[PDB]
Amino acid sequence: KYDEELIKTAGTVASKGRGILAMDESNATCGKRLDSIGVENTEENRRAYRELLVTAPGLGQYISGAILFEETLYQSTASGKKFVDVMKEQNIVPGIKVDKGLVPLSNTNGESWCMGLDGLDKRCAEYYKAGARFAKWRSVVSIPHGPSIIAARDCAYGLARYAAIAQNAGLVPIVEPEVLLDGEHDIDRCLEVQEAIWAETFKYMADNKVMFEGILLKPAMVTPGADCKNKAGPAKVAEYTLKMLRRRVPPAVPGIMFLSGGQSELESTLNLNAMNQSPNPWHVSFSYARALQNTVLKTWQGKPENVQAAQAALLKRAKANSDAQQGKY
Amino acid sequence: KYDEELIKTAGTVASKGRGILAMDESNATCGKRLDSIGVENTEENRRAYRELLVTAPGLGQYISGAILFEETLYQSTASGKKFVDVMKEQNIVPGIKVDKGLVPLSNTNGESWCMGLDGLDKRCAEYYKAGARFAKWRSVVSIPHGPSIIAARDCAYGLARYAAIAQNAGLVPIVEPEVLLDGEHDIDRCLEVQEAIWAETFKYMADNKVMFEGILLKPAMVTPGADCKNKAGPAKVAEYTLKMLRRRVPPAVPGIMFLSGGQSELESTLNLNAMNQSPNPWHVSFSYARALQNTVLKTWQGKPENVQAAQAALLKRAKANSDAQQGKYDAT
Amino acid sequence: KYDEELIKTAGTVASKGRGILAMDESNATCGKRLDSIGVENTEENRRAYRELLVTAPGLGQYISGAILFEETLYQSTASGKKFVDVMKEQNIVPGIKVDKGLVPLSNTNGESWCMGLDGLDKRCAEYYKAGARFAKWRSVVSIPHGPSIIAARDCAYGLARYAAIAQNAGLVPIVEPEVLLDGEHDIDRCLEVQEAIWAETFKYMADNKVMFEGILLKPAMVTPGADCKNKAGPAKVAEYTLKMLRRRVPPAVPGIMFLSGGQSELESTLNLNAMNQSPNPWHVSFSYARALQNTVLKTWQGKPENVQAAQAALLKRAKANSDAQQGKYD
Amino acid sequence: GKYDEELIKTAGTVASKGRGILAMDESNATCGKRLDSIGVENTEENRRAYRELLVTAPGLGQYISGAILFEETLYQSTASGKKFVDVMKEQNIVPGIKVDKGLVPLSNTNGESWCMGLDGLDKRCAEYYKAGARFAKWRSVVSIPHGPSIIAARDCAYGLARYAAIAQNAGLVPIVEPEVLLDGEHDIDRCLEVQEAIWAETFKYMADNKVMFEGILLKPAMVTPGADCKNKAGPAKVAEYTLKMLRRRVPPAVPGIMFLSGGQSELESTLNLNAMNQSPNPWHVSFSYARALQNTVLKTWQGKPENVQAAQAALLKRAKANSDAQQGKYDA
Ligand SMILES: [Cl-]
C-alpha cells in the first residue's frame, strides 16, 4: 500500500551528495550534550538548539533527511512554524527514532539487545500522522564478546521484525546493526563480523518479506578496532568496506549511510571520500550525529548572538561530507 | 542466581496429585465471566470472586499453583490478609501472567504474535518482590493459517526469550505455545504441528541456555480440530499426546500442565486421567481456568449465601483433576 | 591460492555479448539425442558430435564457456589435439558437470535432492588438472510439492557445500537451484519461491565463506507455471526476473547465466533481450543446452556432408542470444 | 515396505537391559594396524579369522545385543562354512553395519572434518538389509580446539539427521554418533556445553527430517574433561555430568544410549558406565565399545590358534564386566 511512498522516501534520502543529520538524542543525552557548553537542560533550550539545527541556511543542499527525537517531531520554531514543516521546504525528510534502547540480554556475558517492538506498530502509525516518513532502530554487536550466536541473532531478528512493522505503517526503516569499535581486533575480524551480521539480517528480512526497495542501511565502516595497533588509511577502509557491502547488500537497496562511530570528522570524511572515486551499486552516503553537531554546540555556546556562526559551522561540515559523497573533497 | 529456587519451585508445582488453577483473567475478561451470571463488573466484585477462589478451605491438597492477574497479585481478603499469604499457608505457589497479549504479525495473513519482552526483566523483578514465583506467557499457532514459517518462529523465539528473562528474575517460566483447536484438521495434523513448534521452542531455549530443570510446560493436548469429522476419546488423545511429549520434551523438564482449551469439564478430566494409567517421565497434570471455576461461578451467582457451596464445588472439581493426575478418577 | 584465477575465469565467462553452451549430457542422454535423428550411440559418434560443437569456426565470439560431460573433457579431435585446446584457442573456458544427479529425498512426498559431495574435492582437483576452470551442479525445487522445508533446505545446503568445494579445487562454481516449471502456478508464486530459495542459498554460501566474486548463477527465469493459463511477455518476465535478482544477488556476483528449460528457441531470446534494455548490476546472459543444440542436431542428421550447415546453424542461434545479451536483437 | 514396527523391535532388542554393542567395524587398513600391534600379517584370511574369533565366542549373546560389522565381515563365514550372520542369529546378536565413508577436510575451516557417505547410501543400506543387517552406524565428529566452527557443527548434525532418515527408510536402525572429541585442555564444563549444543542441533534436524525417535539409537561420547585437561573427573562426576546432559537433550522416546569409550581405559569406561546405573534412567544407558572390548582379545590371541579359547574367555570377561556396569552391579 505504502509501496510507492516508501520507494519515493528512500530515493529522496538516498540522493547524490546528501546525507542524514542524526539529531534523535534523548532529553537526558541532549542534556549531557548541552552542559558541555554550560547550558541548562530545559525543554525550551532543547527546542531552541533543535530549531538552530533545522533552520541552518543551506542545509537542504547537503542533508536529505534528519532523524528526530519524539519530542522534537512535534515542536515548532519560536515563529510558530512546525519543525517538520521547516524541514519540508529545505527538502529534508523527517525521520524519527523508534527503538527503546539497549538492555542486557539474558544469559550472555554483558551483551546487549535492542527492545521496542511492543506497541511499535501503533507508535510508528502516529509518527506517520505527524509527518515522519522514515524510522531508525539501532542494535549492536560486540567483537570482544564474540559476538555470541544469540546476541547476533537477536540484533538481526529484531531489526527484521522492526523493518516489516515500519514499512506497514508507512515509515522507511533504517537498518542499523552497528558492529562496535570496541577491542583490539584488526580490520579482517571486523570484516568477518560485518559480513556475518549483514548476511543474517538480510536473511531474516527476506523471511519477513521486507521490501528491499524501501529500506536504507546504516552500517559502521569496516575498520580496525579502537585499540588495535595496526591502523588503516582511507584507501584500505574504502576497499574493505566496499567489498563487504558488495558481498551482502542486493542492488534493490537504494541507500547506505554510514555512522561515524568514534572516528574523526576528517577521517569520517576521508574514508567516505575514498569510497566515492568510483560508481557504486547503491548510494553510499553518511548519517552522522556528533560528527556534524559538536562543531555547532561549542560554536553556539548558548548565546543567541553566535547562532549564525554556529549554523555556519553546521554547513561547513555538512558540505565537507557532501563533497566526500561525490569524491569532490 | 535463582537456580535452586527455580528447581524447588518447579518441584512444588509439578507435585503428585496437584495442578494449577489458572486465574489470570483480564479485568475485561473477568467481567465477561461475571456478566454470564448477572454480576456487574466492578473492582469489588472481581476482588470478591478472587477471594472466594484462593480462600477455598482445602485447595492446597489439589492445587499447587495459581496464575494470577497482575491486579490480583497485590489484593487482599476482606479480613485484610494478603492473597499470596493465603496461598503460602496452603503451599500454593503464586504465579503471574507476564505477557502483554496477541497482536497481528506483519506480513502474515491474519496471524498473531505475543508481545511483552520490553520491560519484562523489570516487571518480573517486581512480581518476584510481590511474592510470585512462576510466570506465564501465551503464544499461539493456527493450523488453518499454516502456521507460517515466521509466525511459528516468533512463537518459539519469543517464548525462549521470555523463559530466559523470567529465570534470571527468579520466576519459573510456564511455556505455552498453544496449538489452537480451530480448523477441520485431524489428530495427525495436530500432532505434526505440535511436534514442530515444540522442537523449535526447545531448540531456541537450548540456544538461550534456559535451565530445563526450572521450567514448566503448558501445551494443548493432541486432539482433532474443533471442526473435524472423526473424533478421539480419552484413550486415543492420551496415546497421541504422550507420543508427542515423549518425542519432544527432554526428561529434565519436571512438569507438563495442560490447558483444556475448549473441551468440557468432564472431557478435560478424562483425557488427563487416561494419560496417567502408567508412569510418565515427567509429571503430567493440569493448568485449567474455565474448567475448574465454571461450576464455581454458577454455584456462587454473586450471592454471599452461596460462598461456601461455590468453594465446595471448586474443591470437588479440583479433587477430580487431582485424582485424574494419578489415574484414579472415579466418574461415578 | 586460486582466488585470483577464480576471479579471472568468472570475468572471462561473464564477458559481455557472450553466454555458455551446455553440452554436459550423459552418455545415455546424448544417445537419446542421436537416436532421435537416427544415429547410433557409440563413443565415436558422441565424440564426433561433440567435436562438431567445439569446432564451430566462429563460436568463441558468442560463447564464453561450455559445460562438458566428464568423458568429453578428455577426448581429442580427429586430428589428435585435445578438445580443451580447441576451446582455449577460441577463448572458451572449459566447464565440467560435477554433480551425480537427482535422488528421492527421504520422508518427502516425491521430492528430490542432488547427490555429489562424496569425493567431489578429489574429482574437481583432477578436472582442474584436465583443464576445466568452472563447474556445474544442478539441484531443483518443485512448486507442486511446496517445496517442503527440508527439500528446499538441502537444495540450498548442497549447492553451498559444492560451491565451497569447487572454489578450493580451483573451479568457479555455477550455482543452479532450478525452480521447476511444473504446475499451474502463476508468476507471483514462482517469484515468491525463487526469492526464498535464493535467500537460503546465499545465506548458506555466506556461512561457508564462499567468495562471491568467483561464482556464477544459473537460475530459472521468473515465469508462470507450465500449466498456468496466464502467459507472460518478454517485458514482464524481464521485470519480474530482474527485480528478483536485484532483491537477492549481491553486486559482487559477476555473472548470471539463465537456463531456457522448455520455453522455445524463440522465447529464450526474447526474454533475455528484454532484460538487457538497460544496464544491470551484473552480466545477465544465457546458459542454454537444447536452445543452441537442437537445430544443430536436426541439421546434422549424422551425415558428414552437413557438418558445415549444422555448425553454421549453431553460430546463428548463438549470435541471436548474444545479441539478446546486448539488447540489440532483431 | 514400511519398517516402522521392525525398527522399533530392533531398537528395543539392541537396547536391552544388561547388554550393549560390540563395535568391530574397522576397515581393512585399520584392522591391519590392529593385527600388526600383536605382530600378525594383514591378510584377508587373518581378518576373517580374527572376526570369526570374536563373533563365535561362546555365550557372547548374554552380554552383546548387536555387533557393528565392516562391509567385508558382513558377507564372510566361519572356516566350517557358516555365515557370520547365522552365527550371530544363533547367538541372539543383531548384525549391524557401518555405512559412512569416513572423515574428510571440510572446506574453508581451519582443519576441521566432515563425514561423507550420503551418496548411494539408500541403495547401500538396502543391500545391507538383504544381507541380514538390521542397524547401521555413522560417525561424525566435532573438535573443541577448533570451536567447533558453526559450519563444522552444522554439517555433523545435518549429515547425521539425513543419514538417519535414509537408514530408517531402508530398514536399518540408525546409530547416531556425533562424537565430541577428547582433544584439548578443555574442562568438563566445556565438554558439557559442546555436547548440549550438538545434540540440540542434531535432534532439531532429525525432527525436521521426520526421523522416528522410537527407532534410533544414540552413541555419544561421555561428558569428560579433555585429554590434556589438568582437572580430572572420577566416575561419579562423569555420571552426574553425562546424565544431566542426556536428561536435558534426549527425548524419552529414544530407547537406547550406547556410549563410546574414545580414549578411556577399560576399567574407567566400565566404572563410568557403572556410576550412571545406580538408579533408573528414562532410557537404556549402555555401551558400544571397540578397543575397550577387543584390546585384551588381541593381546591374548597373539594370532596363535592354540590361544583362541583363552582369547574368547578374555572377550567374555570384558563383555560381562560392562554388562554388569549397565545394571550398576559391577563393584558389588
Ligand atoms: Cl575450558
# chains A, B, ... in the order shown; residues from 1 in each chain; ligands from 1
>>> residues_around(residues="residue 190 of chain A", least_positions_apart="6", cutoff="8 Å", atoms="only C-alpha atoms", output="list in words")
residues 143, 179, 222, 223, 224 and 225 of chain A
>>> write_last_selection(atoms="N, CA, C and O atoms", output="CSV table (one decimal), in the first residue's frame")
chain,number,residue,atom,x,y,z
A,143,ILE,N,32.5,-7.3,19.2
A,143,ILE,CA,33.5,-8.3,18.9
A,143,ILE,C,34.2,-8.8,20.2
A,143,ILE,O,34.4,-10.0,20.3
A,179,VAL,N,28.3,-2.8,14.2
A,179,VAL,CA,29.5,-3.6,14.7
A,179,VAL,C,30.3,-2.6,15.5
A,179,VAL,O,31.0,-1.7,14.9
A,222,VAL,N,34.1,-0.7,7.7
A,222,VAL,CA,35.0,-1.8,8.0
A,222,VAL,C,36.3,-1.1,8.4
A,222,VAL,O,37.0,-0.6,7.5
A,223,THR,N,36.6,-1.1,9.7
A,223,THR,CA,37.9,-0.5,10.2
A,223,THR,C,38.4,-1.4,11.3
A,223,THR,O,37.7,-2.2,11.9
A,224,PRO,N,39.7,-1.3,11.6
A,224,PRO,CA,40.2,-2.0,12.8
A,224,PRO,C,39.6,-1.5,14.1
A,224,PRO,O,38.9,-0.5,14.1
A,225,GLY,N,39.9,-2.3,15.1
A,225,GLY,CA,39.3,-1.9,16.4
A,225,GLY,C,39.9,-0.7,17.0
A,225,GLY,O,41.1,-0.3,16.7
>>> interface_residues(of="chain B", to="chain A", cutoff="8 Å", atoms="only C-alpha atoms", output="ChimeraX atom specification")
/B:106-107,115-118,150,164-165,168,207-209
>>> interface_residues(of="chain B", to="chain C", cutoff="12 Å", atoms="only C-alpha atoms", output="list in words")
residues 148, 149 and 196 of chain B
>>> residues_near_ligand(ligand="ligand 1", cutoff="6 Å", atoms="only C-alpha atoms and all ligand atoms", output="number ranges by chain")
D: 186-187, 190
>>> write_last_selection(atoms="N, CA, C and O atoms", output="mmCIF file, in the first residue's frame")
data_model
loop_
_atom_site.group_PDB
_atom_site.id
_atom_site.type_symbol
_atom_site.label_atom_id
_atom_site.label_comp_id
_atom_site.auth_asym_id
_atom_site.auth_seq_id
_atom_site.Cartn_x
_atom_site.Cartn_y
_atom_site.Cartn_z
ATOM 1 N N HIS D 186 40.388 -28.508 27.436
ATOM 2 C CA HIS D 186 39.108 -28.036 27.944
ATOM 3 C C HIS D 186 38.664 -28.842 29.161
ATOM 4 O O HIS D 186 38.958 -30.033 29.291
ATOM 5 N N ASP D 187 37.951 -28.172 30.060
ATOM 6 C CA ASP D 187 37.427 -28.809 31.257
ATOM 7 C C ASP D 187 36.094 -29.493 30.945
ATOM 8 O O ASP D 187 35.563 -29.406 29.835
ATOM 9 N N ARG D 190 33.174 -27.346 29.542
ATOM 10 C CA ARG D 190 33.186 -27.021 28.119
ATOM 11 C C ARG D 190 32.685 -28.193 27.281
ATOM 12 O O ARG D 190 31.938 -27.996 26.315
#
>>> closest_atom_pairs(of="chain A", to="chain C", cutoff="10 Å", atoms="only C-alpha atoms", output="CSV")
residue,atom,partner,partner_atom,distance
A:192,CA,C:209,CA,9.4
A:195,CA,C:206,CA,7.9
A:196,CA,C:206,CA,7.4
A:198,CA,C:203,CA,9.9
A:199,CA,C:203,CA,6.1
A:200,CA,C:203,CA,7.2
A:202,CA,C:199,CA,8.3
A:203,CA,C:199,CA,6.1
A:204,CA,C:199,CA,9.2
A:205,CA,C:199,CA,9.7
A:206,CA,C:199,CA,6.8
A:207,CA,C:196,CA,7.5
A:209,CA,C:192,CA,9.5
A:211,CA,C:247,CA,8.4
A:212,CA,C:247,CA,6.5
A:213,CA,C:247,CA,8.0
A:242,CA,C:252,CA,9.8
A:243,CA,C:252,CA,7.5
A:244,CA,C:252,CA,9.1
A:245,CA,C:250,CA,8.3
A:246,CA,C:252,CA,5.0
A:247,CA,C:252,CA,5.2
A:248,CA,C:250,CA,5.6
A:249,CA,C:250,CA,5.4
A:250,CA,C:250,CA,4.4
A:251,CA,C:246,CA,5.0
A:252,CA,C:246,CA,5.0
A:253,CA,C:247,CA,7.8
A:280,CA,C:251,CA,9.5
A:281,CA,C:281,CA,6.8
A:282,CA,C:251,CA,9.7
>>> write_last_selection(atoms="C-alpha atoms", output="CSV table (one decimal), in the first residue's frame")
chain,number,residue,atom,x,y,z
A,192,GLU,CA,34.2,-11.1,9.1
A,195,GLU,CA,29.6,-9.9,6.6
A,196,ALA,CA,28.0,-12.3,9.1
A,198,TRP,CA,24.5,-8.5,7.3
A,199,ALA,CA,24.0,-11.9,5.8
A,200,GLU,CA,22.0,-12.8,8.9
A,202,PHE,CA,19.2,-9.7,5.2
A,203,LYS,CA,18.1,-13.4,5.6
A,204,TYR,CA,15.6,-12.6,8.3
A,205,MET,CA,14.3,-9.5,6.3
A,206,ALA,CA,13.7,-11.7,3.3
A,207,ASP,CA,11.9,-14.2,5.6
A,209,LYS,CA,9.0,-10.1,3.3
A,211,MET,CA,10.6,-4.8,0.6
A,212,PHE,CA,14.3,-4.0,-0.1
A,213,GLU,CA,13.5,-1.1,-2.4
A,242,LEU,CA,33.0,-1.6,-0.3
A,243,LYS,CA,33.8,-5.3,-0.8
A,244,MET,CA,31.7,-6.1,2.4
A,245,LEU,CA,28.8,-4.1,1.0
A,246,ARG,CA,29.0,-5.6,-2.5
A,247,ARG,CA,29.1,-9.1,-0.9
A,248,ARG,CA,26.0,-8.6,1.2
A,249,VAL,CA,23.5,-5.9,0.0
A,250,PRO,CA,21.4,-6.7,-3.1
A,251,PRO,CA,21.1,-3.8,-5.6
A,252,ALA,CA,17.4,-3.3,-4.7
A,253,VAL,CA,18.6,-1.4,-1.7
A,280,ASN,CA,28.6,2.3,-6.6
A,281,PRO,CA,25.6,0.0,-7.0
A,282,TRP,CA,23.8,2.0,-4.3
>>> closest_residue(among="D:31, D:216, D:275, D:106", to="residue 148 of chain D", atoms="only C-alpha atoms")
D:106
>>> interface_residues(of="chain D", to="chain A", cutoff="12 Å", atoms="only C-alpha atoms", output="MDAnalysis selection string")
chainID D and resid 149:150 197
>>> residues_around(residues="residue 272 of chain D", least_positions_apart="5", cutoff="7 Å", atoms="only C-alpha atoms", output="PyMOL selection string")
chain D and resi 235+238-239
>>> write_last_selection(atoms="N, CA and C atoms", output="PDB file, in the first residue's frame")
ATOM      1  N   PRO D 235      34.398 -41.396  38.301  1.00  0.00           N
ATOM      2  CA  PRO D 235      33.157 -41.964  37.741  1.00  0.00           C
ATOM      3  C   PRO D 235      31.891 -41.259  38.197  1.00  0.00           C
ATOM      4  N   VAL D 238      31.627 -37.932  36.292  1.00  0.00           N
ATOM      5  CA  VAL D 238      31.331 -38.212  34.890  1.00  0.00           C
ATOM      6  C   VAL D 238      29.877 -38.630  34.730  1.00  0.00           C
ATOM      7  N   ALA D 239      29.385 -39.467  35.646  1.00  0.00           N
ATOM      8  CA  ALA D 239      27.994 -39.905  35.592  1.00  0.00           C
ATOM      9  C   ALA D 239      27.041 -38.732  35.779  1.00  0.00           C
TER      10      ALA D 239
END
>>> closest_residue(among="A:305, A:44, A:111, A:184", to="residue 155 of chain A", atoms="only C-alpha atoms")
A:111
>>> residues_around(residues="residue 12 of chain A", least_positions_apart="3", cutoff="9 Å", atoms="only C-alpha atoms", output="PyMOL selection string")
chain A and resi 7-9+15+64-65+91-93
>>> closest_atom_pairs(of="chain C", to="chain D", cutoff="6 Å", atoms="only C-alpha atoms", output="CSV")
residue,atom,partner,partner_atom,distance
C:106,CA,D:166,CA,5.8
C:115,CA,D:119,CA,5.7
C:118,CA,D:116,CA,5.7
C:165,CA,D:107,CA,5.9
>>> write_last_selection(atoms="C-alpha atoms", output="PDB file, in the first residue's frame")
ATOM      1  CA  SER C 106      13.740 -39.328   2.461  1.00  0.00           C
ATOM      2  CA  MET C 115      23.935 -36.117  -4.970  1.00  0.00           C
ATOM      3  CA  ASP C 118      31.279 -37.546  -1.696  1.00  0.00           C
ATOM      4  CA  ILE C 165      34.457 -27.371  -2.531  1.00  0.00           C
TER       5      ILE C 165
END
>>> interface_residues(of="chain B", to="chain D", cutoff="9 Å", atoms="only C-alpha atoms", output="PyMOL selection string")
chain B and resi 195-196+199-200+202-203+206-207+211-213+243+245-253+281
>>> residues_around(residues="residue 82 of chain C", least_positions_apart="5", cutoff="12 Å", atoms="only C-alpha atoms", output="PyMOL selection string")
chain C and resi 47+50-51+54-55+71-77+87-89+94+130-131
>>> residues_around(residues="segment 46-49 of chain D", least_positions_apart="5", cutoff="9 Å", atoms="only C-alpha atoms", output="PyMOL selection string")
chain D and resi 28+31-32+35+40-41+54+72-73+76-79+303
>>> write_last_selection(atoms="N, CA, C and O atoms", output="PDB file, in the first residue's frame")
ATOM      1  N   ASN D  28      39.734 -52.497   6.504  1.00  0.00           N
ATOM      2  CA  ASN D  28      40.831 -53.428   6.266  1.00  0.00           C
ATOM      3  C   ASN D  28      42.168 -52.807   6.661  1.00  0.00           C
ATOM      4  O   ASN D  28      43.021 -53.473   7.262  1.00  0.00           O
ATOM      5  N   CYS D  31      42.103 -52.490  10.704  1.00  0.00           N
ATOM      6  CA  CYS D  31      42.244 -53.789  11.347  1.00  0.00           C
ATOM      7  C   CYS D  31      43.633 -54.358  11.079  1.00  0.00           C
ATOM      8  O   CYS D  31      44.189 -55.079  11.917  1.00  0.00           O
ATOM      9  N   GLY D  32      44.224 -54.010   9.932  1.00  0.00           N
ATOM     10  CA  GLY D  32      45.608 -54.384   9.675  1.00  0.00           C
ATOM     11  C   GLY D  32      46.553 -53.836  10.723  1.00  0.00           C
ATOM     12  O   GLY D  32      47.438 -54.543  11.207  1.00  0.00           O
ATOM     13  N   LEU D  35      46.218 -55.896  13.818  1.00  0.00           N
ATOM     14  CA  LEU D  35      46.857 -57.222  13.686  1.00  0.00           C
ATOM     15  C   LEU D  35      48.370 -57.056  13.792  1.00  0.00           C
ATOM     16  O   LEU D  35      49.023 -57.937  14.271  1.00  0.00           O
ATOM     17  N   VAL D  40      50.899 -59.612  13.549  1.00  0.00           N
ATOM     18  CA  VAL D  40      50.312 -60.597  12.644  1.00  0.00           C
ATOM     19  C   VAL D  40      50.055 -59.943  11.291  1.00  0.00           C
ATOM     20  O   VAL D  40      49.700 -58.761  11.200  1.00  0.00           O
ATOM     21  N   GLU D  41      50.241 -60.731  10.235  1.00  0.00           N
ATOM     22  CA  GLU D  41      50.132 -60.237   8.869  1.00  0.00           C
ATOM     23  C   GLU D  41      48.689 -59.884   8.522  1.00  0.00           C
ATOM     24  O   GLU D  41      47.753 -60.596   8.899  1.00  0.00           O
ATOM     25  N   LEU D  54      35.923 -63.406  17.333  1.00  0.00           N
ATOM     26  CA  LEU D  54      35.055 -62.546  18.131  1.00  0.00           C
ATOM     27  C   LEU D  54      33.607 -63.019  18.071  1.00  0.00           C
ATOM     28  O   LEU D  54      32.974 -63.259  19.105  1.00  0.00           O
ATOM     29  N   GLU D  72      33.014 -55.830   4.726  1.00  0.00           N
ATOM     30  CA  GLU D  72      33.586 -57.116   4.339  1.00  0.00           C
ATOM     31  C   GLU D  72      33.101 -58.236   5.251  1.00  0.00           C
ATOM     32  O   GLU D  72      32.689 -59.303   4.778  1.00  0.00           O
ATOM     33  N   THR D  73      33.138 -58.010   6.567  1.00  0.00           N
ATOM     34  CA  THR D  73      32.773 -59.058   7.513  1.00  0.00           C
ATOM     35  C   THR D  73      31.316 -59.478   7.370  1.00  0.00           C
ATOM     36  O   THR D  73      30.977 -60.635   7.642  1.00  0.00           O
ATOM     37  N   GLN D  76      31.171 -62.608   5.241  1.00  0.00           N
ATOM     38  CA  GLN D  76      32.114 -63.693   5.453  1.00  0.00           C
ATOM     39  C   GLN D  76      31.469 -64.824   6.252  1.00  0.00           C
ATOM     40  O   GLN D  76      30.383 -64.685   6.821  1.00  0.00           O
ATOM     41  N   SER D  77      32.165 -65.961   6.291  1.00  0.00           N
ATOM     42  CA  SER D  77      31.720 -67.141   7.016  1.00  0.00           C
ATOM     43  C   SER D  77      32.849 -67.661   7.891  1.00  0.00           C
ATOM     44  O   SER D  77      34.004 -67.235   7.782  1.00  0.00           O
ATOM     45  N   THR D  78      32.497 -68.592   8.773  1.00  0.00           N
ATOM     46  CA  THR D  78      33.488 -69.348   9.519  1.00  0.00           C
ATOM     47  C   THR D  78      34.232 -70.309   8.588  1.00  0.00           C
ATOM     48  O   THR D  78      33.866 -70.509   7.425  1.00  0.00           O
ATOM     49  N   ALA D  79      35.298 -70.911   9.118  1.00  0.00           N
ATOM     50  CA  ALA D  79      36.064 -71.871   8.329  1.00  0.00           C
ATOM     51  C   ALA D  79      35.205 -73.066   7.935  1.00  0.00           C
ATOM     52  O   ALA D  79      35.317 -73.578   6.816  1.00  0.00           O
ATOM     53  N   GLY D 303      47.499 -64.187  17.522  1.00  0.00           N
ATOM     54  CA  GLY D 303      47.446 -64.860  16.242  1.00  0.00           C
ATOM     55  C   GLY D 303      47.562 -66.368  16.294  1.00  0.00           C
ATOM     56  O   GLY D 303      47.396 -67.023  15.255  1.00  0.00           O
TER      57      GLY D 303
END
>>> residues_around(residues="segment 44-55 of chain B", least_positions_apart="3", cutoff="9 Å", atoms="only C-alpha atoms", output="mmCIF file with C-alpha atoms, in the first residue's frame")
data_model
loop_
_atom_site.group_PDB
_atom_site.id
_atom_site.type_symbol
_atom_site.label_atom_id
_atom_site.label_comp_id
_atom_site.auth_asym_id
_atom_site.auth_seq_id
_atom_site.Cartn_x
_atom_site.Cartn_y
_atom_site.Cartn_z
ATOM 1 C CA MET B 23 -6.987 -17.356 37.411
ATOM 2 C CA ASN B 27 -10.347 -7.088 34.104
ATOM 3 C CA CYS B 30 -13.216 -11.499 34.165
ATOM 4 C CA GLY B 31 -16.051 -9.053 33.568
ATOM 5 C CA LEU B 34 -19.244 -12.056 35.917
ATOM 6 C CA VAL B 39 -22.898 -9.785 38.240
ATOM 7 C CA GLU B 40 -21.706 -6.301 37.326
ATOM 8 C CA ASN B 41 -18.007 -5.840 36.527
ATOM 9 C CA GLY B 58 -8.891 -27.229 51.274
ATOM 10 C CA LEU B 59 -7.464 -26.106 47.943
ATOM 11 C CA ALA B 66 -2.440 -20.234 40.883
ATOM 12 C CA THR B 72 -4.877 -9.849 41.858
ATOM 13 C CA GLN B 75 -5.050 -7.719 46.516
ATOM 14 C CA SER B 76 -6.060 -8.942 49.970
ATOM 15 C CA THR B 77 -9.027 -10.564 51.650
ATOM 16 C CA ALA B 78 -11.807 -8.520 53.213
ATOM 17 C CA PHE B 83 -3.746 -13.377 48.806
ATOM 18 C CA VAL B 84 -0.143 -14.548 48.413
ATOM 19 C CA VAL B 86 -3.227 -17.060 51.913
ATOM 20 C CA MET B 87 -1.705 -19.230 49.181
ATOM 21 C CA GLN B 293 -14.040 -22.352 38.058
ATOM 22 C CA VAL B 296 -17.939 -22.131 40.988
ATOM 23 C CA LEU B 297 -19.498 -19.184 39.156
ATOM 24 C CA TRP B 300 -21.943 -18.613 43.563
ATOM 25 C CA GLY B 302 -22.668 -13.428 43.286
ATOM 26 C CA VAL B 307 -19.934 -18.635 49.018
ATOM 27 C CA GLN B 308 -19.471 -21.930 50.865
ATOM 28 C CA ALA B 310 -19.215 -22.335 45.474
ATOM 29 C CA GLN B 311 -15.951 -23.144 47.255
ATOM 30 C CA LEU B 314 -14.201 -25.763 43.438
#
